[PDB]
**Q** 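Mind looking over this structure? Questions follow.
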Amino acid sequence: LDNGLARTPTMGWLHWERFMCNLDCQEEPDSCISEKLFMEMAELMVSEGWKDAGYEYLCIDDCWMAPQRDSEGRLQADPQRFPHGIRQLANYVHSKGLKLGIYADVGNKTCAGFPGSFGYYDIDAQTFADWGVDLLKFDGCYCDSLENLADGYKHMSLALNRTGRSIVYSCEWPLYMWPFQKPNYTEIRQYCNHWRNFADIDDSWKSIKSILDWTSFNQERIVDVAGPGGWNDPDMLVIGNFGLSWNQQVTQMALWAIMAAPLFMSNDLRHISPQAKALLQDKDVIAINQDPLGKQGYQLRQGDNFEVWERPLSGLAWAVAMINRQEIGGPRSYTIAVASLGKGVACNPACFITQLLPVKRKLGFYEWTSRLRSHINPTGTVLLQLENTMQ
Amino acid sequence: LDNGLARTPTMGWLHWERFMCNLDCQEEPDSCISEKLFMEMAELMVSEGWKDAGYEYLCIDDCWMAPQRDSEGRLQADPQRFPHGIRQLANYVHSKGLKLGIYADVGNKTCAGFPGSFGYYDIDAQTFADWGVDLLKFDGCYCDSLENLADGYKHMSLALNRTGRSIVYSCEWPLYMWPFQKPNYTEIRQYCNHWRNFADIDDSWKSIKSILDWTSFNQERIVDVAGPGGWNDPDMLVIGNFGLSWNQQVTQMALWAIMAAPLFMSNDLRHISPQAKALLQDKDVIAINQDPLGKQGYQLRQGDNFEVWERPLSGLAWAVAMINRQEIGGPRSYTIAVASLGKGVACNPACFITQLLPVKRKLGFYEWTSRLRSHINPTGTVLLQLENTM
Ligand SMILES: *[C@@H]1O[C@H](CO)[C@@H](O[C@@H]2O[C@H](CO)[C@@H](O[C@@H]3O[C@H](CO)[C@@H](O)[C@H](O[C@H]4O[C@H](CO)[C@@H](O)[C@H](O)[C@@H]4O)[C@@H]3O)[C@H](O)[C@H]2NC(C)=O)[C@H](O)[C@H]1NC(C)=O
Ligand SMILES: *[C@@H]1O[C@H](CO)[C@@H](O[C@@H]2O[C@H](CO)[C@@H](O[C@@H]3O[C@H](CO)[C@@H](O)[C@H](O)[C@@H]3O)[C@H](O)[C@H]2NC(C)=O)[C@H](O)[C@H]1NC(C)=O
Ligand SMILES: *[C@@H]1O[C@H](CO)[C@@H](O)[C@H](O)[C@H]1NC(C)=O
Ligand SMILES: *[C@@H]1O[C@H](CO)[C@@H](O)[C@H](O)[C@H]1NC(C)=O
Ligand SMILES: *[C@@H]1O[C@H](CO)[C@@H](O)[C@H](O)[C@H]1NC(C)=O
Ligand SMILES: OC[C@H]1O[C@@H](O)[C@H](O)[C@@H](O)[C@H]1O
Ligand SMILES: OC[C@H]1O[C@H](O)[C@H](O)[C@@H](O)[C@H]1O
Ligand SMILES: OC[C@H]1O[C@H](O)[C@H](O)[C@@H](O)[C@H]1O
């Protein structure tokens with residue numbers, strides 16, 4: 001989308017995976033979808049270094065709204081759970097120097113069954129701008145017409161534009177299109193700042209694997225359409241929760257950097273390990289993801305339960321990810337000629353290789369004819385940065 | 001098996017899952033299957049408090065053997081990887097106050113393709129005893145019939161007894177007959193100290209789940225046969241490795257205790273996190289696994305992606321495990337009437353409840369009328385001990 005936004009992949013926090021549609025503030029007050037949750041999450045984003053690292057957008061997902069629209073036919077937030085309204089939540093979020101994301105649906109209802117935006121595209125978009133919203137995530141449920149889906153996503157894109165407010169437009173267009181046709185990504189890129197391609201992530205290694213495998217299987221379709229202002233969205237970062245081992249967390253962080261993915265954490269910033277925090281806040285890994293070239297990486301090799309992904313960065317630098325998919329035994333050795341990496345351009349005539357994950361370690365100078373030798377933990381990833389040098 | 005052994009589930013370390021069949025001592029001298037690897041673990045078992053916690057058997061799995069038998073038709077350890085031989089290794093392990101486990105196969109070859117014991121059961125049993133072996137894991141590969149399977153497991157069982165040496169006998173009998181015929185567990189227990197029921201574990205949560213699921217599905221068949229001298233074996237503890245989250249490691253530890261399962265760690269004792277070590281050495285959880293009554297727990301309930309398991313213990317106590325199988329969202333609330341626990345006796349008229357996992361916490365007194373409420377992490381387990389008040 002040519003709105004001057006998402007020149008790098010969007011970074012922030014989104015409630016969905018960790019909090020979902022918990023409406024029970026009486027028995028589960030700490031995990032219910034409330035203004036207090038977002039207020040407190042915004043406080044920690046500042047005080048715990050998240051904003052400084054680049055996580056700017058505090059995002060509301062589904063189940064924020066009242067059962068029906070008001071007397072003006074406008075969306076309203078739940079009166080019990082958001083008694084002070086979205087406008088005051090946006091003011092609070094902005095005062096902490098952060099940006100606010102909200103959620104709506106192209107169809108007649110949201111996925112969780114609250115009021116949909118079909119027939120209300122122009123007022124909803126204006127409503128959000130009036131409330132001071134900075135990002136919209138726009139879902140695809142309860143729209144069974146291929147035409148309506150496309151027209152709706154297109155309509156809402158222009159409906160937001162016409163408010164004059166800078167609002168990041170997050171689309172689930174391609175995901176809800178697959179059931180009918182192969183999505184036109186040129187068309188989607190024109191209207192959307194980023195786009196969900198694949199099934200919802202959950203808190204599991206199974207889910208990470210299936211997202212990676214779908215991406216690499218479909219990479220000839222989707223890699224090259226990604227760029228400044230339009231990104232593929234492989235879904236939320238789930239580091240800091242319950243389902244991934246440390247190595248599986250390393251794999252998600254490394255690969256979301258390779259894929260030029262929007263980085264939306266879905267976790268509890270009030271209850272998160274120092275180890276998970278350090279990984280999510282890793283400035284070198286975040287710098288790869290946020291690389292100004294804005295060129296998405298890809299799978300270079302697959303075989304013997306190994307994967308090699310790489311990503312071109314600005315200034316003739318490359319990020320290289322090596323995954324060990326064998327889920328038994330111990331660390332496995334992997335060797336590759338550095339001439340195979342970066343299309344033979346990285347490391348010509350030399351490169352300086354620095355390991356970034358699982359730990360940061362300088363590996364040294366590698367000549368063009370040399371071999372890189374590494375060891376990778378089961379379900380882990382080794383992430384390397386290659387700096388092209390004359391030395 | 002009535003040999004006076006495995007009166008509680010066996011506890012130890014077994015190389016298979018973490019170290020496998022690594023024969024590459026040239027490129028990987030520190031992780032290949034060698035005498036040295038077993039010496040390193042033996043030393044850490046003593047020095048890192050593993051032995052003090054109950055882990056007594058240091059066990060060699062597959063891939064210890066030389067490609068062929070010796071001049072006298074006896075099994076031999078690989079000459080380059082086990083230069084001093086097994087008797088010498090057993091000497092060393094014994095001097096550390098530990099016990100040595102080894103591996104053989106009922107068929108014509110081991111699963112990795114080394115010499116099988118078929119046709120040599122008495123020879124092999126006697127050489128094992130002469131070596132000072134303390135435990136035998138007896139696998140089921142390359143056995144061409146069910147009759148040969150049964151006959152061989154029986155034969156070796158009696159052949160070990162005849163040696164006069166106390167040797168814990170670990171059988172994979174039910175696993176290899178399951179695809180064809182349903183096992184007779186009364187028959188298996190008569191001949192075996194413990195028995196592998198299900199597919200090899202690996203370093204994954206998927207694996208823990210399928211083992212748990214198989215066990216609860218088959219529990220009517222397997223629960224009651226378990227007891228002192230004869231245990232169900234759901235395979236190795238894989239805590240301390242790579243594929244399990246903290247909560248999934250908790251689930252494995254908690255449920256292997258509920259299940260009165262043998263506790264064979266398969267990990268690297270040289271590179272293990274303090275967190276993993278403290279869980280594996282958890283005194284109170286081990287004490288549940290090791291409960292002298294030796295009655296296997298079972299799944300009490302499942303629904304809304306929760307499972308409840310319980311186990312009767314000595315002195316009218318019960319262990320209770322609550323698993324959250326929902327792999328999305330946050331810690332999730334679960335409640336149960338304490339009157340539904342322990343067959344209605346645990347908390348009549350009252351019980352004191354102590355949480356052991358994920359952390360230790362006294363929960364207080366619960367009346368017959370009470371409800372237990374708990375938040376359980378996704379893929380995690382809450383493990384509690386209930387003491388009847390009298
Ligand atoms: C509503 O829709 C319209 C139509 O797309 C949209 O206007 C577009 O905005 C973009 C970005 O604001 C404009 O592109 C600019 O073009 C000039 C001249 O070529 C560039 O100099 C601009 O900046 C570049 O350099 C900067 C670095 O110094 C970067 O910050 C920047 O990313 C660029 O690289 C910029 O590219 C574009 O011209 C218009 N398109 C049209 C047809 O007018 C508008 O922004 C939409 N949104 C809203 C809420 O109004
Ligand atoms: C070979 O097989 C025989 C027969 O199965 C084994 O004998 C059994 O050994 C156990 C343990 O030594 C005996 O149980 C014990 O009995 C005594 C009192 O009689 C009691 O004080 C102990 O607490 C325990 O219950 C068991 O009676 C005995 N069975 C028979 C029928 O003799 C023998 O141990 C085996 N030998 C080897 C080396 O495995
Ligand atoms: C919403 O419902 C109306 C009728 O109430 C119908 O015309 C339309 O097809 C629905 N919209 C979508 C996008 O499914
Ligand atoms: C071992 O192989 C021989 C030779 O064919 C065969 O007769 C015997 O049944 C085999 N034993 C087992 C247990 O597979
Ligand atoms: C099972 O095996 C035992 C011991 O061999 C025997 O006594 C019993 O009759 C068998 N029962 C069945 C189910 O055939
Ligand atoms: O396979 C998909 C990818 O293949 C790479 O070799 C290429 O540089 C990328 O632009 C993309 O096309
Ligand atoms: O109900 C909300 C839910 O709807 C869809 O399933 C989306 O893919 C999720 O990310 C979430 O927004
Ligand atoms: O090759 C050794 C291997 O053989 C079988 O698969 C066993 O069930 C495993 O536990 C292991 O002992």
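A, B, ... follow the sequence lines: proteins, then strands. Residue 1 opens every chain. Order of appearance sets the numbers: ligands from 1, and atoms from 1 within every ligand. Note: hydrogens, waters and symmetry copies are ignored here, and every other heavy atom, side chains too, is used.
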**Q** N/O of A:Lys343 under 3.5 Å from N/O of ligand 6, yes or no?
**A**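 N/O-N/O distance under 3.5 Å: yes.
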**Q** Can you find a protein heavy atom closer to atom 8 (C) of ligand 4 than 4.0 Å?
**A** yes
**Q** So how far is it from A:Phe352 CZ to A:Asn388 CG, rounded to the nearest 0.5 Å?
**A** 13.5 Å
**Q** Taking the inter-plane angle between the rings of B:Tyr191 and B:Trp173 on a 0 to 90° scale, is it parallel (under 30°), tilted (30 to 60°) or perpendicular (over 60°)?
**A** tilted
**Q** For atom 11 (N) of ligand 5, is the nearest protein heavy atom under 4.0 Å away?
**A** yes
**Q** Using a strict threshold of under 4.0 Å (side-chain N to carboxylate O), is an ion pair present between A:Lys209 and A:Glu327?
**A** yes
**Q** As an exercise, identify every atom of ligand 5 less than 4.0 angstrom from a heavy atom of B:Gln190.
**A** 4 (C), 5 (O)
**Q** Output yes when the distance from some N or O of ligand 6 to some N or O of A:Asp224 is under 3.5 Å, and no in every other case.
**A**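 By distance alone, the answer is yes.
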**Q** Before we go on, tell me: are the rings of A:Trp318 and A:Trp309 under 6.0 Å apart, centre to centre?
**A**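 No: the rings miss the under 6.0 Å criterion.
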**Q** Do ligand 5 and B:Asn184 have nitrogen or oxygen atoms that lie under 3.5 Å from each other?
**A**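 Yes, at least one N or O pair falls under 3.5 Å.
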**Q** Right, does atom 5 (O) of ligand 4 have protein non-hydrogen atoms nearer than 4.0 Å?
**A** no
**Q** Kindly identify the option in A:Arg221, A:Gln219, A:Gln296 whose heavy atom sits closest to atom 2 (C) of ligand 6.
**A** A:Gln219
**Q** Below 4.0 angstrom from a heavy atom of B:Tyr142, which ligand 4 atoms are there? Numbered from 1 as shown, please.
**A**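 Numbered from 1, ligand 4 contributes 12 (C), 14 (O).
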**Q** Give me the ring orientation class for A:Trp178 and A:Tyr185: parallel if the planes are under 30° apart, tilted from 30 to 60°, perpendicular past 60°.
**A**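 A:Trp178 and A:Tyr185: tilted rings.
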**Q** Using 0.5 Å steps for rounding, measure from the CG atom of B:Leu14 to the CG atom of B:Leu135.
**A**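 Rounded to the nearest 0.5 Å, the CG-CG separation comes to 8.5 Å.
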**Q** Could you please spell out the steps behind the side chain to side chain contact (heavy atoms under 4.5 Å, CB included) verdict for B:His194 and B:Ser170?
**A** CA-CA 5 Å; B:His194 36 85; B:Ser170 177; 3.5 Å; yes
**Q** Which one of B:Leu149, B:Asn108, B:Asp151, B:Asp144 has a non-hydrogen atom at the shortest distance from atom 1 (C) of ligand 4?
**A** B:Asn108
